[PDB]
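What the coordinates show
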Amino acid sequence: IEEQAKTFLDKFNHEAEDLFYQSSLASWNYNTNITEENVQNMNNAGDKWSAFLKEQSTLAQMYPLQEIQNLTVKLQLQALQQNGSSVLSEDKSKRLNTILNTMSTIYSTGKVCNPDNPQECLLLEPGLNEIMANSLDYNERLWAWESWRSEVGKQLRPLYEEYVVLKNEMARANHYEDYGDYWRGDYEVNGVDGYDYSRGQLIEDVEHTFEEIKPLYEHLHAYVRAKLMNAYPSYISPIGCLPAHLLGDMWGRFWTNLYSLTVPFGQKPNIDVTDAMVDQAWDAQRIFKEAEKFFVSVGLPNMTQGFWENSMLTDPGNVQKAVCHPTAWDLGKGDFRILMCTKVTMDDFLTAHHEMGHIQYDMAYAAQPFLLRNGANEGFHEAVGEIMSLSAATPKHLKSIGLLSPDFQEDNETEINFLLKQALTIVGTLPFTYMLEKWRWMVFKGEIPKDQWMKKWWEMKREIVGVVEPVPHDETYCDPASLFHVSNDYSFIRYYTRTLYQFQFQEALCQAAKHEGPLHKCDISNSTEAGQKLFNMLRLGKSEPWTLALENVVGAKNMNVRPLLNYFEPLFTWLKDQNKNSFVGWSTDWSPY
Amino acid sequence: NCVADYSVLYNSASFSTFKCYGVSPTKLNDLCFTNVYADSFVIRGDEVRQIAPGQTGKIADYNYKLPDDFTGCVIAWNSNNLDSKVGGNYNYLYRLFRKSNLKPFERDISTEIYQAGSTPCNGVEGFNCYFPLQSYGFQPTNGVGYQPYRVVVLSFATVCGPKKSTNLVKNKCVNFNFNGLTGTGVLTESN
Ligand SMILES: *[C@@H]1O[C@H](CO)[C@@H](O[C@@H]2O[C@H](CO)[C@@H](O)[C@H](O)[C@H]2NC(C)=O)[C@H](O)[C@H]1NC(C)=O
Ligand SMILES: *[C@@H]1O[C@H](CO)[C@@H](O[C@@H]2O[C@H](CO)[C@@H](O)[C@H](O)[C@H]2NC(C)=O)[C@H](O)[C@H]1NC(C)=O
Ligand SMILES: *[C@@H]1O[C@H](CO)[C@@H](O[C@@H]2O[C@H](CO)[C@@H](O)[C@H](O)[C@H]2NC(C)=O)[C@H](O)[C@H]1NC(C)=O
Ligand SMILES: *[C@@H]1O[C@H](CO)[C@@H](O[C@@H]2O[C@H](CO)[C@@H](O)[C@H](O)[C@H]2NC(C)=O)[C@H](O)[C@H]1NC(C)=O
C-alpha cells in the first residue's frame, strides 16, 4: 500500500543524498588533485554508495508497482526497483563484466604499426587520428583507416559477438525482448493520458524526421563531393558515394574538419573575439562573470556562491596532476561546481555558457527527489547547455558584451561561411547517428544475423550515408566496434534526439522574445519572458514526462525537426544555387577500388 | 525576574532572519509577561522556511510546533564556521516519521519503528517498517539552503523591558515621572 512505498522512498531520499555526496566529493577531489590515496579513497567511497543502492533495491523490488496511484512515487519506485544485472547467472555476470573491460582495454590501448618501420607504432588519439584530422596524403589516411580496423577492430569482432548475447539475456531477464528495447526504454511514457509514448514509437518517429533532412544532406553531399574532387583528384567520382577514409576523422562521424577543403568564401574572416578578450586582458574570473551576466540578464538566478571557491576554472600555479576536461559537477546538497582549466580563447568564453547552462538546470530541479534530479530525456540535458552557447556566439551579443567594435559590419558571405561550418558539424553527422543505432537495434534483435553483420553495415553506409568502403570487407571485421560508443557500451540515439530538441527550444524562446530575422542570429540577452518559458520546464526534473515538458517550451507534445531545417534555409538556398550544374545525391553501385 | 533588551537582537545585523508573529518587535521594551521561554537548535537554511505560525512539512509537522496563534518571534543565523565539518558533521538528529501530526509545543523525544499499512514488524526496519530517527550531514561546501543555521525561538508579570530614564534637571519647572508615578513642579534638593 502506497504509504509503505512513500515512507520507504522518503528514508531512501534522505540517506541517498548524503552517501552520494561523500562519494561524488571524493570523486571531485580525485579528479582535481590526483593521488593514489585520493584514488583508493574515492573507490572505497563508490563501493559504499553502490552497496547502499543495491541493498535498498532488493527492498524496492518487494513493493507491488500496480498498487501505486501517484505518478511521482511510481516513477521513484520503478527507478529503484529495477534489476538490470543480477538477473544473469553469477558466472555469466562476471563474464559480461570481463567482456566490457576487454572491449574497453582493447579500444583504449590498441596499437597500429607502420609497415615501412615496425619499431614505430601509434595509439588511437595521438598521431593516428591526427593523420585523419589534418593529413591530405590519401595513402596515409587509407593506411591509418584500414590498419585501425584490421589491427584493433578485428580483435573486437569476436568479443562483440558474445557481448550481444549476454546483454540480450540481461534485457530478456528484465522482460525486454532485446537490449536495444531496454535502451529505448528511457524515452518510454505511460499512464499520463494521451502524453504516453511506446518504446517502439521512437523507431518510426526518428525515420519520419530523418526523411525530411535528406534533401539538405544530398545538396551538402553533392557540394562536399564537388569540393573533395579538388582535394583528392581521380580518387572521387562526381556521382559516387564518398570514400570513408577522406571524411575528416577515423570514422567519418563529423565533416567539421573538411572545412579548409570545402569553405564557401574563406577570404571573409570567419569571426573571432579571442583578440578582443586579450586586448581587454580578460581572465577566467571575468570570462565567467561575463557568462553569468547573460543568465541574470535573460531572467535566471545567479550562482550558489560557494561555486566560485569550490569550482576550478583554471590551472593551478602548482604543477598539479588533474583532468583539465571542462565538466559540470552536481555533488548533491545543492553543491554546484565546474572542473576545467581555461585559456584566453572565445571557445572557452562560449564553453563558460555551455557548462553554466548545465548548472542552471541542475539548480532548478534541486527541489526534486534524488532519483528524479535528471533531464526529462537524455537529449534535453545537453541541448539546454547549447542554446546558451548559440546566443553567446551571435554577432549582436558579441557587440553588446563589448567583444566587437561598434563600427564593424557583418555580411551575407560571413553568414554562409559560418552556416556551412555549422552544417558539416550539425547536419552531416545525422545519417551516421541514425544508421549506427538502426544497425545495433537490428543486431540485438537478430534482424541482422551474425553471418551478415558487416555485409549489412556497408549496405547501410552506402544507402543511408552515401559513404563507401575504401577496400572490400567481410565478417572477420567489426567496423562498428572500431568506435568508442560500440566498444565501451554506450547508447548513441541521445545525440539524434538532442539535435531536434536544441532548435525546438531555441525557436520557441526566439519567438517568445520576438526575434526579427534568421534563427542563427537570435539573442535572448535582456529578454525576460524567454527565461519565464524556459523556467517552467527547468523545475520539473523527471517528475513529469518530456512529452509534457516539450509543450511548455516548444508548444509541441513530440519532437519536430522543422526548427533545425529553418536554421539552415539561408544556406540551403545557396547550396541549391552552387550545384545547379552538378548531379545531386549518389550512386550506391560506385566504389573507389 | 530580569530586564530583557530585545532592542539589541532587533538592531544586530548578524541574524539571517529576525521575524515576529504575535508581536511587532520595537514594542517589546513596553510589553511584559510572567515568563519568556527560549528554544535553541541547528537546522538547514531552506527548511527554516517551515518555522512560523500554522505552516506544514518535515520540521513543522514532526519536530515541534509554533501554533497559528503563536505569541512570539523567531531568529536564525549562519553557523557554517562552527556546526558544519570537513568530514561532515552528524551530531544533529531528527525523527523523520510519526503517526499523527504534532500539537502546539508538543515533544515526541521517544522513538519506535514507525511502520506503514497493514503489517506487523519487530525491529529490522528494511521493508514496510522504518526506524524514524536519522542524522543530518552538515558539510561546509553545501549549497546555502543545506548549510547549518543556529535557530532560537522566543515565546512571549516579570520579564519587562529596559524602561530607560531622562537626564534630571533640578531647580527648573519640569513635567516629571518617577517609577510608576507622575507630577509637575520644581525639583529642589531637600534636607
Ligand atoms: C501526490 O500527488 C499530489 C498531487 O497530485 C501531491 O500533492 C501536493 O503536495 C504538496 C506538498 O508535498 C502541496 O503543497 C500541494 O498543495 C499538493 N497539491 C494538491 C493539489 O493537493 C503530493 O505531493 C504527491 N505525493 C508526494 C509524496 O509527493
Ligand atoms: C528481479 O529479478 C528477480 C529474480 O531475481 C525477479 O523475480 C523476483 O524474485 C524475488 C525473489 O528473489 C521475488 O521476491 C519477486 O517477487 C520476484 N519478482 C516479482 C516481484 O514478481 C523479479 O521479477 C525481477 N524484478 C523485475 C524488475 O522484474
Ligand atoms: C551576397 O549579396 C550580394 C548582393 O546582392 C549578391 O550579389 C548579387 O548576385 C546576383 C546573382 O549573381 C546578381 O544578380 C546581383 O547583380 C549581385 N549584386 C551585386 C550588388 O553585385 C551575392 O550573390 C550574394 N552572395 C551570396 C553567396 O548569397
Ligand atoms: C542588455 O543588457 C546590457 C547589460 O546590462 C546593456 O548594456 C548597458 O548599455 C547601456 C547603454 O548603452 C550602458 O550605459 C551600460 O553601461 C551598459 N552596461 C554595461 C554593464 O556595460 C545593453 O544595452 C542591453 N541591451 C538591450 C538591447 O537591452
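Scoring rules and cut-offs
Residues numbered from 1 in each chain as written, not as in the entry; some residues may be left out. Chains lettered and ligands numbered in written order. Part of a larger assembly, values for the part shown. Heavy atoms only, no water. UniProt positions renumbered as here; feature names shortened; annotations may be inferred. Helix = DSSP H or I, 4+ residues; strand = E, 2+ residues; numbered from the N terminus. Rg over C-alpha atoms; globule rule 2.2 N^0.38 Å. Buried < 20%, exposed > 50% of the residue type's maximum accessible area, 1.4 Å probe, protein only. Contact = heavy atoms within 4.5 Å. Areas by Shrake-Rupley, 256 points an atom, 1.4 Å probe, with all protein chains shown as cover. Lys, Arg positive; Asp, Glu negative; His and termini not counted. Charge placed at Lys NZ, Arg CZ, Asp CG, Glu CD. Disulfide = S-S within 2.5 Å. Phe/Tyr/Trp six-rings, centres within 6.5 Å; stacked < 30°, edge-to-face > 60°. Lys NZ or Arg CZ within 6 Å of the ring centre and 35° of its normal. Arc of directions from axis to C-beta. Pairing = 2+ DSSP bridges. Axes fitted to C-alpha atoms, helices over the stretch in contact; angles between N-to-C directions. Salt bridge = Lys/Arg side-chain N within 4 Å of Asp/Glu carboxyl O. 1 Å grid on protein atoms, 1.4 Å probe; cavity = no way out; pocket = protein on both sides within 12 Å on 5 of 7 lines; lining within 4 Å. Points joined across faces, edges and corners; volume = space filled by probe spheres on them. Nonpolar A, V, L, I, M, F, W, Y, C, P; charged D, E, K, R; others polar. Polar contact = N/O pair within 3.5 Å; in protein donor to acceptor, adjacent residues only side chain to side chain.

In the nomenclature of the PDB entry, chain A corresponds to Angiotensin-converting enzyme 2 from the organism Homo sapiens. UniProt annotates chain A under Sequence similarities with the comment "Belongs to the peptidase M2 family."

For chain B, the helix and strand inventory stands at 3 helices and 8 strands. Each helix and strand of chain B, ordered N terminal to C terminal, gives the series α-β-β-α-β-α-β-β-β-β-β. Taken over C-alpha atoms, the radius of gyration comes to 24 Å for chain B, far larger than the 16 Å a tight globule of 191 residues would show. For chain B, the spread of C-alpha atoms along the three principal axes comes to 85 × 35 × 25 Å.

Moving on to the overall build of chain A. Scanning chain A from terminus to terminus reveals 23 helices and 6 strands. Its C-alpha radius of gyration of 25 Å places chain A within 12% of the 25 Å reference for a compact globule of 593 residues. Along the first, second and third principal axes, the C-alpha set of chain A runs to 70 × 65 × 55 Å. When each of the 593 residues of chain A is scored for burial, the buried share is 53%. At a minimum sequence separation of 6, the contacts of chain A that also span at least 24 residues come to 76%. Of the roughly 25,700 Å² that chain A leaves accessible, carbon and sulfur atoms contribute 48%. Taken as two groups, the 52 positive and 79 negative side-chain charges of chain A have centres that lie 2 Å from each other.

Moving on, we come to the UniProt feature "disulfide bond" in chain A. Residues and elements named next belong to chain A. Where 2.5 Å serves as the upper bound for a disulfide, the S to S distance of 2.2 Å between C113 and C121 confirms the link that UniProt reports. For the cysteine pair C324 and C341, annotated in UniProt as disulfide-linked, the sulfur atoms lie 2.0 Å apart, within bonding distance in this model. Linking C324 in the loop between α12 (307–310) and β4 (327–330) with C341 in the loop between β5 (336–339) and α13 (346–364), this pair joins segments that are 17 residues apart in sequence. The partly exposed category is assigned to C324, whose relative accessible area is 33%.

This next bit is on the UniProt feature "disulfide bond" in chain B. All names here are of chain B. For the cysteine pair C32 and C160, annotated in UniProt as disulfide-bonded, the sulfur atoms lie 2.1 Å apart, consistent with the bond being present in this model. Judged by its relative accessible area of 25%, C32 is partly exposed. The class for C160 is partly exposed, based on a relative accessible area of 25%. In this model the sulfur atoms of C121 and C129, a pair UniProt annotates as disulfide-bonded, sit 2.3 Å apart, close enough for the bond to be present.

Attention now moves to unusual backbone geometry. A positive phi angle, near 70°, is found at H175 of chain A, a position not held by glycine. Within the element layout of this structure, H175 of chain A appears in the loop between α6 (138–173) and α7 (179–184). With phi around 55°, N171 of chain B is a residue other than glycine that occupies positive phi space. Along the polypeptide, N171 of chain B turns up in the loop between β6 (148–155) and β7 (173–178).

This part takes up the packing of aromatic side chains. For the structure on display, the rule yields 56 aromatic pairs over all chains. For the ring pair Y10 of chain B and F18 of chain B, a centre distance of 5.8 Å and an interplane angle of 80° mean the geometry is edge-to-face. On the accessibility criterion, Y10 of chain B (41% relative accessible area) is partly exposed. With a relative accessible area of 24%, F18 of chain B lands in the partly exposed category. In textbook terms, an aromatic cluster arises when at least three aromatic residues are bridged by ring pairs, as seen for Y160, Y163, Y179, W183, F432, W439, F444, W453, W457, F492 and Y495 of chain A. Over the aromatic face of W28 of chain A sits the side chain of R337 of chain A, whose NZ or CZ is 4.9 Å from the ring centroid.

Another point: helix α5 (residues 124–134) of chain A. In an α-helix there are 3.6 residues to a turn, and that puts residues three or four apart on one side. Residues and elements named next belong to chain A. Those residues of α5 not exposed but buried are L124, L128, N129, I131 and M132. Projected down its long axis, α5 shows its buried positions confined to an angular sector of 135°, all on one face. The elements touched by buried residues of α5 are α4 (90–109), β1 (112–113), β2 (121–122) and α6.

This next bit is on the state of the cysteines. Applying the stated rule across the entire model yields 6 disulfides over all chains. Between the sulfur of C510 of chain A and that of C522 of chain A lies a disulfide, 2.0 Å long from S to S. Its S-S torsion of about -100° marks the bond between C510 of chain A and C522 of chain A as left-handed, since a negative value means left-handed. Residue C510 of chain A is found in helix α20 (residues 494–512), and its partner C522 of chain A is found in the loop between α20 and α21 (529–538); the two are separated by 12 residues along the sequence. Accessibility expressed as a relative area gives 3% for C510 of chain A, which makes it buried. According to the relative accessible area criterion, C522 of chain A is buried, its value standing at 1%. The disulfide partner of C20 of chain B is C73 of chain B, and the gap between their sulfur atoms is 2.0 Å. Disulfide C20 of chain B to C73 of chain B: torsion about the S-S bond roughly 95°, handedness right-handed.

Another point: the UniProt feature "binding site: Zn(2+)" in chain A. All names here are of chain A. Taken from the UniProt record, the annotation "binding site: Zn(2+)" applies to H354, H358 and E382. With the annotated positions falling across 29 residues, the maximum pairwise C-alpha distance of 8.7 Å places them together in a single cluster. Of note, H358 is situated in helix α13. On the basis of relative accessibility, which here comes to 7%, the residue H358 falls in the buried class.

All names here are of chain B. Spatially, β1-β3-β6-β2 is the arrangement adopted by the 4 strands of the open sheet, whose pairing is antiparallel. A single partner strand is all that each edge strand has here, and the edge strands are β1 (17–20) and β2 (37–44). Averaged over all adjacent pairs, the angle separating strand axes in this sheet is 15°, with direction ignored. In this sheet, β6 lies alongside β2 in antiparallel orientation, the contact comprising 8 bridges. For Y37, the partnering residue across the bridge sits in β6 and is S155.

Summed over all chains, the structure comprises 38 salt bridges over all chains. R157 of chain A is paired through a salt bridge with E161 of chain A; the nearest N and O atoms lie 2.8 Å apart. Taken as a pair, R157 of chain A and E161 of chain A lie in helix α6 at a separation of 4 residues, close to a single helical turn. Across the pair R98 of chain B and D108 of chain B runs a salt bridge, and its minimum N-O distance is 2.8 Å. Placement of the pair is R98 of chain B in the loop between β4 (93–95) and β5 (133–135) and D108 of chain B in the loop between β4 and β5, with a sequence separation of 10 residues. For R98 of chain B, a relative accessible area of 25% puts it in the partly exposed group. A cluster of three or more residues bridged by salt bridges with shared partners is formed by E177, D178, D181, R184, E188 and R199 of chain A.

Residues and elements named next belong to chain A. Computed from the structure, the second largest pocket encloses a volume of approximately 1,000 Å³. Contributing elements (two or more residues each) for the lining of the second largest pocket: α1 (2–32), α3 (71–81), α13 and α21. For the lining of the second largest pocket, the per-class residue count stands at 14 nonpolar, 11 polar and 10 charged.

Before going further, it helps to spend a moment on the side chain of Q50 of chain B. Residue position: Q50 of chain B is located in the loop between β2 and α2 (58–62). One polar contact links the side chain of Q50 of chain B to the main-chain amide nitrogen of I59 of chain B, over a distance of 2.8 Å.

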